Every structure is written in C-alpha cells, then in structure tokens.
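Undergrad:
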Amino acid sequence: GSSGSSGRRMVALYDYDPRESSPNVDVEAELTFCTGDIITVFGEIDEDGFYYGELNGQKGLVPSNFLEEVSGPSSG
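Position 56 (the sequence shown) corresponds to 1118 in the numbering used here; numbering is contiguous.
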C-alpha cells in the first residue's frame, strides 16, 4: 500500500483569473481556480514566477501569490 507524497496541495488564498490578472500569455495552459480551490503543485517556482500543479483533472500553471501551503494538525 504505497502512497508516495507527490507535489504539495495549496489552498487558493484568493480567486485567480488568467483572463484579467494574466497579460493573456498562453493562458490556455494556465489554470483558473477560485478562493479555497485546492491545487496540487509540483516542483519549485519557475524562472517566471509560477507553479505547475493539477486541478479538476487539468495540468497547467498557478500563481504562487494566490496559494498557501496547506498545513493542518492531523489528529486521528
């Protein structure tokens, strides 16, 4: 029963929109999440300043300035 911790689940601190915030640069790849939407990022920030995670079964980019490493006191 191997689990394997892949990427980190981040909690969208503030709704994002590559249709307004983003300068419209290949947004077709960027991910559109909302406040609270959990996104699993993989790897460190790129040269630009974004993260590579997956959402609702979609791989794209996500602004680290709109996420927060999820950390809760797991008791059980």
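Where is the CB? At the ideal position from N, CA and C, for every residue including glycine.
Helix, strand or coil for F1095 per DSSP?
TA: Residue 1095 sits at position 33 when you count from the first residue of the sequence shown. Here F1095 sits in coil by DSSP.
Undergrad: Got a sec? Which residues, its chain only, sit under 6 Å from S1126 by beta carbon, not counting five neighbours each side?
TA: Locating residue 1126 in the sequence shown gives position 64, counting from the first residue. Within the same chain, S1126 has close Cβ partners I1107, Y1113.
Undergrad: Considering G1115, what are the terminal residues of the beta strand (DSSP E) in which it resides?
TA: Within the sequence shown, the letter at position 53 stands for residue 1115. 1112 to 1117 is the extent of the beta strand (DSSP E) around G1115.
Undergrad: Can you tell me which residues form a DSSP beta bridge with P1125?
TA: If you number the sequence shown from 1, residue 1125 lands on position 63. For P1125, which the question treats as bridged, DSSP gives the partners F1112.
Undergrad: Go to residue 1152, then tell me how far its beta strand (DSSP E) extends in each direction, as first and last residue.
TA: As displayed, the chain neither begins before 1063 nor continues past 1138, which places residue 1152 out of reach and without an answer.
Undergrad: Under a three-way DSSP split, which group does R1070 fall into?
TA: On the sequence shown, residue 1070 is found 8 positions in, with the first residue counted as 1. Residue state, collapsed to three classes: strand.
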